[PDB]
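Single-structure report; data block below.
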Amino acid sequence: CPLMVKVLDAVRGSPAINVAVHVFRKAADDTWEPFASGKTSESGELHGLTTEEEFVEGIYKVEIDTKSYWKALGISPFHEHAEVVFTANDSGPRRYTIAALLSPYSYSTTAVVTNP
Amino acid sequence: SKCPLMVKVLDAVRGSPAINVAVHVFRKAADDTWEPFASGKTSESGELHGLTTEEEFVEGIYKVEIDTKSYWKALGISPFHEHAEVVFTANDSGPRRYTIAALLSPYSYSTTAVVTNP
Amino acid sequence: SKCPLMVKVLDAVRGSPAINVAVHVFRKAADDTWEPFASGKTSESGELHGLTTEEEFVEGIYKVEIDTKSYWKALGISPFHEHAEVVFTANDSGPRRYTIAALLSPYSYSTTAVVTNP
Amino acid sequence: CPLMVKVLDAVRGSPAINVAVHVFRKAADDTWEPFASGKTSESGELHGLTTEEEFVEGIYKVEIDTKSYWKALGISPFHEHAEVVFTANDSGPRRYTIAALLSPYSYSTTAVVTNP
Ligand SMILES: O=C(O)Cc1cc(I)c(Oc2cc(I)c(O)c(I)c2)c(I)c1
Ligand SMILES: O=C(O)Cc1cc(I)c(Oc2cc(I)c(O)c(I)c2)c(I)c1
């Protein structure tokens, strides 16, 4: 698994469950092309998004649908979603973990990159 | 200050405001595309004021894009993100003033919104 | 403002400054214990100014304690932390002004320091 | 494992390795009593700090020696250490994960609490 996502809830102190995540890749014509999608599990993690074979060099955008997550909890959040845009594998294949901590009016994201 | 929208950027590596950071603001148009709205560069205090006025700032979806990549390269540091973006809906129902704050690190960034009405 | 030390607290759940938050500042004494130095409550803008002066603020180790627990209980929310603490060394070598900022959530808090000299 | 710690480095985008962690418990006389200590591993995690049997109700302090971590990297950090103080198991036994993201002039910490 070359691309994984981990989301946590800072209001409840638990993993953010069933959060929709859409992954896009910058196409040749400079437009966002659908690449993969999923929902986080019980532990707030999302795996199996792609393979080393399909995860080629490029600029990717990871969109986390925070808005839907909060509303389903009766909270009216500030952000429409959280976006993480980055260039991947431009110096050979690597493994990426995109982590996100969510709050109604705030979120922070970090990336952990390891060489296989 | 009657500025409806403000931006504040900080540097978590050097513990100082993030200066000369390019900031571009966009608004969602009917045809579902992003059209330029305002832009500028953070000052010596890492702030960016006077991006718009109450009259022009109507309800709708806005995107605030911060060129963090160029900020880090200028310091000789390899960043992870292409840029940082904050997408939100501005409603007159809620308070009046919007402050978008961002704390930057090479592989991480956090952002918060302060919505207060005077 | 010549205030050498400033504190800013924000609420990430309601997107507003954290008001009436108790803040206690301590300094490390020779016998390795913490002795009261200054204290106060954040204002309507979540800020706390005039905690000390240049004369009294000498080099040494300081601890800034924020009573976050009472803040959350007042909102009817069960917090995780007893309080938030920021322990740092103040040196004349480095810049002059210190701003300690904290973003609060029930199960999480982040803090950053802005050190700038005018 | 009822108490685990996870630390990440936001400057290098990797787990924070060999970070010293000391855990204290508030004693009857209102003083901090040593409870456990360790260093994070290759993955930036610290496990095996205590057992469900020894981890009784009380106020605990988790101290992460960030200062030493940064200096060993040639960086002069702002904080002496990072402190997480909390009341644990006051409503029955729970599992705690204390997570921390570190930067030279900043750090954020969150807690994940799950019921066994
Ligand atoms: O997230 C962290 O790790 C710590 C942190 C704390 C605060 I509080 C922040 O927000 C502001 C907002 C205003 I308005 C300020 O003037 C200042 I100084 C900081 C940010 I971004 C980041
Ligand atoms: O930002 C804060 O206030 C605190 C914080 C600390 C960490 I470290 C985080 O990242 C991870 C990454 C992995 I992989 C985990 O398994 C877990 I648990 C948390 C997040 I999001 C938020």
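We name chains A, B, ... following the order of the structure tokens; residues begin at 1 in each chain, and ligands are numbered from 1 as shown.
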Per DSSP on the backbone, what are the strand (DSSP E) residues of chain D, as an MDAnalysis selection string?
chainID D and resid 3:9 14:15 20:26 32:39 45:46 58:64 79:88 95:103 106:114
Sort by chain and increasing residue number a table of all residues of chain D within 12 Å of ligand 1, each with its closest pair of atoms and their distance in Å to one decimal, counting only C-alpha atoms and all ligand atoms, and write it as a tab-separated table.
```
residue	atom	partner	partner_atom_place_in_ligand_line	distance
D:10	CA	ligand 1	3 (O)	10.8
D:100	CA	ligand 1	3 (O)	10.6
D:101	CA	ligand 1	3 (O)	8.7
D:102	CA	ligand 1	3 (O)	9.0
D:103	CA	ligand 1	3 (O)	8.7
D:104	CA	ligand 1	3 (O)	10.9
D:105	CA	ligand 1	3 (O)	8.9
D:106	CA	ligand 1	3 (O)	5.6
D:107	CA	ligand 1	3 (O)	5.5
D:108	CA	ligand 1	3 (O)	5.3
D:109	CA	ligand 1	3 (O)	8.9
D:110	CA	ligand 1	3 (O)	11.4
```
Write out the residues from the selection above, keeping N, CA and C atoms, as a short mmCIF file (atom, residue, chain, number, x, y, z; two decimals), in the first residue's frame.
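Output contents, as saved in again.cif:
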```
data_model
loop_
_atom_site.label_atom_id
_atom_site.label_comp_id
_atom_site.auth_asym_id
_atom_site.auth_seq_id
_atom_site.Cartn_x
_atom_site.Cartn_y
_atom_site.Cartn_z
N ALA D 10 7.21 16.97 11.81
CA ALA D 10 6.59 17.74 10.75
C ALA D 10 7.59 18.42 9.83
N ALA D 100 1.46 13.05 19.05
CA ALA D 100 2.08 14.36 19.04
C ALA D 100 2.78 14.64 17.72
N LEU D 101 2.56 15.82 17.17
CA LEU D 101 3.20 16.25 15.93
C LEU D 101 4.15 17.37 16.37
N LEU D 102 5.43 17.22 16.07
CA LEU D 102 6.43 18.19 16.49
C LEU D 102 7.06 19.07 15.41
N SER D 103 7.31 20.30 15.80
CA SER D 103 7.95 21.27 14.94
C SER D 103 8.82 22.09 15.88
N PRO D 104 9.89 22.70 15.37
CA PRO D 104 10.78 23.50 16.22
C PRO D 104 10.11 24.53 17.14
N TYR D 105 9.14 25.28 16.62
CA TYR D 105 8.46 26.28 17.43
C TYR D 105 7.00 25.96 17.66
N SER D 106 6.63 24.69 17.48
CA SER D 106 5.24 24.32 17.65
C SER D 106 5.02 22.82 17.77
N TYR D 107 3.94 22.45 18.44
CA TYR D 107 3.56 21.05 18.56
C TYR D 107 2.09 20.99 18.88
N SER D 108 1.45 19.93 18.42
CA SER D 108 0.04 19.76 18.70
C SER D 108 -0.08 18.34 19.21
N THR D 109 -1.02 18.12 20.11
CA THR D 109 -1.20 16.80 20.65
C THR D 109 -2.68 16.47 20.68
N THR D 110 -3.00 15.20 20.46
CA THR D 110 -4.38 14.77 20.50
C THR D 110 -4.42 13.44 21.22
#
```
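Pairwise distance (atom CA of residue 34 of chain B, atom CA of residue 64 of chain B) equals 10.9 Å.
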Could you list, as a PDB file with C-alpha atoms, in the first residue's frame, the residues of chain A having an atom within 12 Å of chain B when counting only C-alpha atoms?
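out_39.pdb, freshly written:
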```
ATOM      1  CA  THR A  31      -7.385  19.022 -15.285  1.00  0.00           C
ATOM      2  CA  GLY A  58       2.375  13.110 -10.862  1.00  0.00           C
ATOM      3  CA  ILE A  59       0.574  15.773  -8.858  1.00  0.00           C
ATOM      4  CA  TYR A  60      -2.206  14.303  -6.724  1.00  0.00           C
ATOM      5  CA  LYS A  61      -5.022  15.859  -4.753  1.00  0.00           C
ATOM      6  CA  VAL A  62      -6.549  14.096  -1.780  1.00  0.00           C
ATOM      7  CA  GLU A  63      -9.953  15.487  -0.870  1.00  0.00           C
ATOM      8  CA  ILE A  64     -11.458  14.634   2.529  1.00  0.00           C
ATOM      9  CA  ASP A  65     -15.158  15.342   2.802  1.00  0.00           C
ATOM     10  CA  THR A  66     -15.179  16.859   6.252  1.00  0.00           C
ATOM     11  CA  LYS A  67     -18.420  18.790   5.695  1.00  0.00           C
ATOM     12  CA  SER A  76     -22.418  22.989  11.092  1.00  0.00           C
ATOM     13  CA  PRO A  77     -18.688  23.107  10.089  1.00  0.00           C
ATOM     14  CA  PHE A  78     -16.704  25.942   8.499  1.00  0.00           C
ATOM     15  CA  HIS A  79     -14.876  24.098   5.684  1.00  0.00           C
ATOM     16  CA  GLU A  80     -16.380  22.482   2.586  1.00  0.00           C
ATOM     17  CA  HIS A  81     -13.635  19.866   2.651  1.00  0.00           C
ATOM     18  CA  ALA A  82      -9.950  19.404   3.350  1.00  0.00           C
ATOM     19  CA  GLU A  83      -7.534  19.305   0.406  1.00  0.00           C
ATOM     20  CA  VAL A  84      -4.026  17.892   0.280  1.00  0.00           C
ATOM     21  CA  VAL A  85      -2.161  18.582  -2.984  1.00  0.00           C
ATOM     22  CA  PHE A  86       1.301  17.101  -3.542  1.00  0.00           C
ATOM     23  CA  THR A  87       3.776  15.786  -6.112  1.00  0.00           C
ATOM     24  CA  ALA A  88       4.427  12.076  -5.641  1.00  0.00           C
ATOM     25  CA  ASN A  89       7.149   9.633  -6.770  1.00  0.00           C
ATOM     26  CA  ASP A  90       9.130  12.251  -8.708  1.00  0.00           C
ATOM     27  CA  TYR A  96       2.677   8.035   1.622  1.00  0.00           C
ATOM     28  CA  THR A  97       0.526   8.382   4.702  1.00  0.00           C
ATOM     29  CA  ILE A  98      -1.718  11.444   4.724  1.00  0.00           C
ATOM     30  CA  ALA A  99      -2.913  12.131   8.279  1.00  0.00           C
ATOM     31  CA  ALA A 100      -5.647  14.580   9.225  1.00  0.00           C
ATOM     32  CA  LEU A 101      -6.973  15.834  12.566  1.00  0.00           C
ATOM     33  CA  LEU A 102     -10.434  17.397  12.272  1.00  0.00           C
ATOM     34  CA  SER A 103     -12.319  19.997  14.241  1.00  0.00           C
ATOM     35  CA  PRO A 104     -15.428  22.008  13.269  1.00  0.00           C
ATOM     36  CA  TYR A 105     -13.493  25.216  12.500  1.00  0.00           C
ATOM     37  CA  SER A 106     -10.058  23.739  12.030  1.00  0.00           C
ATOM     38  CA  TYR A 107      -7.977  20.879  10.665  1.00  0.00           C
ATOM     39  CA  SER A 108      -4.320  20.088  10.370  1.00  0.00           C
ATOM     40  CA  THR A 109      -2.723  17.630   8.021  1.00  0.00           C
ATOM     41  CA  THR A 110       0.688  16.031   7.909  1.00  0.00           C
ATOM     42  CA  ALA A 111       2.392  13.573   5.605  1.00  0.00           C
ATOM     43  CA  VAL A 112       4.717  10.717   6.457  1.00  0.00           C
ATOM     44  CA  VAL A 113       6.900   9.613   3.564  1.00  0.00           C
TER      45      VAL A 113
END
```
So which residues touch residue 38 of chain D within 8 Å, counting only C-alpha atoms, skipping near sequence neighbours fewer than 5 positions away, as a ChimeraX atom specification?
/D:20-22,46,49
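The gap separating atom 13 (C, counted along the ligand's line) of ligand 2 from atom CA of residue 9 of chain B is 25.2 Å, in Å to one decimal.
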For the atom pair atom CA of residue 23 of chain C and atom CA of residue 68 of chain C, what is the interatomic distance in Å to one decimal place?
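Taking atom CA of residue 23 of chain C as the start and atom CA of residue 68 of chain C as the end point, the length is 9.2 Å.
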If you count only C-alpha atoms and all ligand atoms, the residue of A:2, A:15, A:48, A:92 closest to ligand 2 turns out to be A:15
Considering only C-alpha atoms, can you say which of D:50, D:75, D:68, D:3 comes closest to residue 19 of chain D?
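Among D:50, D:75, D:68, D:3, it is D:68 that comes nearest to residue 19 of chain D.
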Nearest to ligand 2, chosen from C:7, C:27, C:57, C:12, with only C-alpha atoms and all ligand atoms counted in the distances
C:12
If you run DSSP on the backbone, which residues of segment 49-114 of chain A are alpha helix (DSSP H), as a ChimeraX atom specification?
/A:66-71
Identify which of the residues A:71, A:26, A:6, A:95 lies closest to ligand 2, counting only C-alpha atoms and all ligand atoms when measuring atom-to-atom distances.
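Under the stated criterion, the closest residue is A:6.
Counting only C-alpha atoms, the residue from D:42, D:34, D:54, D:27 that sits nearest to chain A is D:42.
In terms of minimum interatomic distance to ligand 2, D:114 ranks closest within D:114, D:55, D:70, D:32, counting only C-alpha atoms and all ligand atoms.
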Near residue 3 of chain B, within 12 Å and counting only C-alpha atoms, which residues show up once chain neighbours fewer than 3 positions away are dropped, as a PyMOL selection string?
chain B and resi 6-7+48-57+96-99+117-118
Would you put the residues from that selection into a file with N, CA, C and O atoms, as a PDB file, in the first residue's frame?
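What landed in out_12.pdb:
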```
ATOM      1  N   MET B   6      -9.683  38.442   6.258  1.00  0.00           N
ATOM      2  CA  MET B   6      -8.277  38.615   6.613  1.00  0.00           C
ATOM      3  C   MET B   6      -7.555  37.270   6.569  1.00  0.00           C
ATOM      4  O   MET B   6      -8.176  36.220   6.731  1.00  0.00           O
ATOM      5  N   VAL B   7      -6.245  37.315   6.351  1.00  0.00           N
ATOM      6  CA  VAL B   7      -5.424  36.115   6.289  1.00  0.00           C
ATOM      7  C   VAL B   7      -4.168  36.329   7.127  1.00  0.00           C
ATOM      8  O   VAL B   7      -3.556  37.400   7.102  1.00  0.00           O
ATOM      9  N   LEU B  48      -2.404  39.721   5.750  1.00  0.00           N
ATOM     10  CA  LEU B  48      -2.819  40.223   4.449  1.00  0.00           C
ATOM     11  C   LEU B  48      -4.185  40.834   4.678  1.00  0.00           C
ATOM     12  O   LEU B  48      -5.141  40.122   4.966  1.00  0.00           O
ATOM     13  N   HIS B  49      -4.274  42.153   4.568  1.00  0.00           N
ATOM     14  CA  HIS B  49      -5.539  42.846   4.779  1.00  0.00           C
ATOM     15  C   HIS B  49      -6.094  43.420   3.480  1.00  0.00           C
ATOM     16  O   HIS B  49      -5.507  43.257   2.407  1.00  0.00           O
ATOM     17  N   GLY B  50      -7.240  44.084   3.596  1.00  0.00           N
ATOM     18  CA  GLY B  50      -7.879  44.708   2.449  1.00  0.00           C
ATOM     19  C   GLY B  50      -7.961  43.885   1.178  1.00  0.00           C
ATOM     20  O   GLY B  50      -7.588  44.362   0.107  1.00  0.00           O
ATOM     21  N   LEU B  51      -8.445  42.651   1.285  1.00  0.00           N
ATOM     22  CA  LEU B  51      -8.576  41.798   0.110  1.00  0.00           C
ATOM     23  C   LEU B  51      -9.876  42.120  -0.608  1.00  0.00           C
ATOM     24  O   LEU B  51      -9.991  41.934  -1.817  1.00  0.00           O
ATOM     25  N   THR B  52     -10.851  42.606   0.150  1.00  0.00           N
ATOM     26  CA  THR B  52     -12.156  42.944  -0.401  1.00  0.00           C
ATOM     27  C   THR B  52     -12.895  43.907   0.534  1.00  0.00           C
ATOM     28  O   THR B  52     -12.326  44.394   1.510  1.00  0.00           O
ATOM     29  N   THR B  53     -14.159  44.181   0.221  1.00  0.00           N
ATOM     30  CA  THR B  53     -14.995  45.070   1.019  1.00  0.00           C
ATOM     31  C   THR B  53     -16.322  44.362   1.264  1.00  0.00           C
ATOM     32  O   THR B  53     -16.630  43.373   0.599  1.00  0.00           O
ATOM     33  N   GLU B  54     -17.105  44.867   2.214  1.00  0.00           N
ATOM     34  CA  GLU B  54     -18.396  44.270   2.542  1.00  0.00           C
ATOM     35  C   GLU B  54     -19.296  44.151   1.324  1.00  0.00           C
ATOM     36  O   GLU B  54     -19.962  43.130   1.137  1.00  0.00           O
ATOM     37  N   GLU B  55     -19.323  45.208   0.515  1.00  0.00           N
ATOM     38  CA  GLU B  55     -20.137  45.258  -0.697  1.00  0.00           C
ATOM     39  C   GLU B  55     -19.844  44.110  -1.659  1.00  0.00           C
ATOM     40  O   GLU B  55     -20.765  43.430  -2.112  1.00  0.00           O
ATOM     41  N   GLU B  56     -18.565  43.900  -1.976  1.00  0.00           N
ATOM     42  CA  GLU B  56     -18.167  42.850  -2.913  1.00  0.00           C
ATOM     43  C   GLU B  56     -18.192  41.435  -2.336  1.00  0.00           C
ATOM     44  O   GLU B  56     -18.375  40.467  -3.074  1.00  0.00           O
ATOM     45  N   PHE B  57     -18.019  41.316  -1.023  1.00  0.00           N
ATOM     46  CA  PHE B  57     -18.004  40.008  -0.368  1.00  0.00           C
ATOM     47  C   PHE B  57     -19.405  39.457  -0.071  1.00  0.00           C
ATOM     48  O   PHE B  57     -19.894  39.543   1.060  1.00  0.00           O
ATOM     49  N   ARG B  96     -19.799  38.464  11.027  1.00  0.00           N
ATOM     50  CA  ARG B  96     -19.299  39.267   9.916  1.00  0.00           C
ATOM     51  C   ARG B  96     -17.837  39.137   9.501  1.00  0.00           C
ATOM     52  O   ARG B  96     -17.549  39.044   8.308  1.00  0.00           O
ATOM     53  N   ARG B  97     -16.915  39.129  10.462  1.00  0.00           N
ATOM     54  CA  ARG B  97     -15.499  39.081  10.102  1.00  0.00           C
ATOM     55  C   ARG B  97     -14.907  37.673  10.007  1.00  0.00           C
ATOM     56  O   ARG B  97     -15.185  36.814  10.843  1.00  0.00           O
ATOM     57  N   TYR B  98     -14.077  37.457   8.986  1.00  0.00           N
ATOM     58  CA  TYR B  98     -13.424  36.174   8.743  1.00  0.00           C
ATOM     59  C   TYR B  98     -11.911  36.303   8.748  1.00  0.00           C
ATOM     60  O   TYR B  98     -11.335  37.082   7.984  1.00  0.00           O
ATOM     61  N   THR B  99     -11.273  35.535   9.621  1.00  0.00           N
ATOM     62  CA  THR B  99      -9.823  35.500   9.686  1.00  0.00           C
ATOM     63  C   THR B  99      -9.452  34.053   9.412  1.00  0.00           C
ATOM     64  O   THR B  99      -9.922  33.133  10.099  1.00  0.00           O
ATOM     65  N   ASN B 117     -18.230  38.825  15.017  1.00  0.00           N
ATOM     66  CA  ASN B 117     -18.942  39.981  14.495  1.00  0.00           C
ATOM     67  C   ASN B 117     -18.849  41.103  15.523  1.00  0.00           C
ATOM     68  O   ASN B 117     -19.106  40.891  16.708  1.00  0.00           O
ATOM     69  N   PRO B 118     -18.448  42.309  15.087  1.00  0.00           N
ATOM     70  CA  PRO B 118     -18.328  43.449  16.000  1.00  0.00           C
ATOM     71  C   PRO B 118     -19.679  44.103  16.300  1.00  0.00           C
ATOM     72  O   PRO B 118     -20.683  43.717  15.656  1.00  0.00           O
TER      73      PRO B 118
END
```
